[PDB]
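If you read the sequence shown in the entry's author numbering, its first letter stands for residue 2, the second for the next number, and so on.
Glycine residues also receive a C-beta, built at the ideal position from the N, C-alpha and C atoms.
For reference, the structure discussed in these notes is given below.
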Amino acid sequence: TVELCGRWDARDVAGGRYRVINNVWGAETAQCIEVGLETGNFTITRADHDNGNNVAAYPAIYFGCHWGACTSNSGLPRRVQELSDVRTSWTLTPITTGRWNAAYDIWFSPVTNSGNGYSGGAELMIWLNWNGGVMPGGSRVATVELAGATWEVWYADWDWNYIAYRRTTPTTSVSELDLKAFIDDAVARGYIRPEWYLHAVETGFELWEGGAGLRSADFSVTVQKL
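Right, here's the structure in full:
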């Protein structure tokens with residue numbers, strides 16, 4: 002394993018299929034993650050965050066293209082209308098202190114270049130676990146049954162459309178979760194357009210305060226085109 006403490010530190014893992022990023026994008030407080038290079042599994046070993054109501058960091062593992070940095074042979078970006086199946090697995094280890102969530106962050110945009118971000122596109126989050134009273138951005142607009150569970154749907158109209166599906170009860174693992182079910186729901190609500198591109202599928206922990214001890218493991222993403 003290797004411990005990464007740099008603000009924008011990263012490592013390609015699993016033969017280049019995925020990439021792990023320390024990603025302390027919202028603060029200057031220290032954070033380190035210890036990463037297994039073959040699997041991408043990681044534990045947050047240090048997290049000095051105490052950021053109030055703003056997210057301090059999002060250590061994560063991803064498949065696809067994150068702000069122009071793409072993993073090896075992901076097949077992304079690809080238009081939503083050209084996707085037939087999108088599945089993912091993940092196992093998280095929660096802690097009982099701090100303010101954080103365990104959530105997928107999935108990015109879409111109308112164009113193929115993601116170097117300047119996803120303005121005019123959408124951010125689709127799937128919250129599986131959390132602690133400390135944190136809540137998604139925007140407002141709760143519905144509660145829906147999807148992919149075997151029930152989820153609150155939160156929406157915010159920002160620079161990009163923010164959509165967060167928050168499980169009604171927390172969980173610590175998913176196996177071959179049908180991400181297309183969530184994409185289809187967001188398309189039906191008008192939050193994502195079929196002509197937009199899916200750029201990246203990421204999962205990790207948004208941290209507001211603390212976070213040391215959280216562990217990410219068993220990550221996998223597969224995408225099948227029509």
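Legend entry - Backbone secondary structure at residue 16 - three-state DSSP: It is helical.
Legend entry - Enclosing beta strand (DSSP E) for residue 49 [first to last residue]: Residue 49 -> no beta strand (DSSP E), and no H or E assigned at all.
Legend entry - Beta-carbon proximity list for residue 215, same chain, < 6 Å, skipping 5 on both sides: Short of 6 Å from the beta carbon of residue 215, and not among the five residues preceding or following it, lie these beta carbons of its own chain, in chain order: 45, 96 and 206.
Inset, instruction - Work out the CA separation of residue 138 and residue 35 for me, nearest whole Å. - result: Each residue's Cα considered, the two are about 29 Å apart.
Inset, instruction - Note the first and the last residue of the continuous beta strand (DSSP E) segment covering residue 125. - result: Note, residue 125: beta strand (DSSP E), 123-132.
Inset, instruction - Express the C-alpha separation of residue 98 and residue 198 in angstroms, rounding to a whole number. - result: Each residue's alpha carbon lies about 37 Å from the other.
Inset, instruction - Alpha carbon to alpha carbon, how far is residue 57 from residue 100? Give it in angstroms, no decimals. - result: Cα-Cα distance, rounded: 11 Å.
Legend entry - Span of the alpha helix (DSSP H) around residue 189: First-last of the alpha helix (DSSP H) with residue 189: 180-189.
Inset, instruction - Taking residue 14 and residue 53 to be in contact with their CB atoms under 8 Å, please state how far apart those CB atoms are, rounded to whole angstroms. - result: Not really, about 32 Å apart at Cβ, beyond 8 Å.
Inset, instruction - Following the continuous beta strand (DSSP E) through residue 85, name the residue where it begins and the one where it ends. - result: Its beta strand (DSSP E) spans residues 84-94.
Legend entry - Where residue 225 falls, given that 16 or more other Cβ within 10 Å makes a residue buried: Classification of residue 225: exposed, given that the 10 Å Cβ count is below 16.
Inset, instruction - Give the secondary structure of residue 25 by DSSP, where H, G and I count as helix, E and B as strand, and everything else as coil. - result: In the three-state DSSP reduction, residue 25 falls in the coil class, being neither helix nor strand.
Inset, instruction - Compute the distance between the beta-carbons of residue 47 and residue 31, then report whether it is under 7 Å. - result: Yes.
Legend entry - Beta-carbon spacing of residue 157, residue 67 below 7 Å: Annotated as distal: residue 157 and residue 67, with beta-carbon spacing of 7 Å or more.
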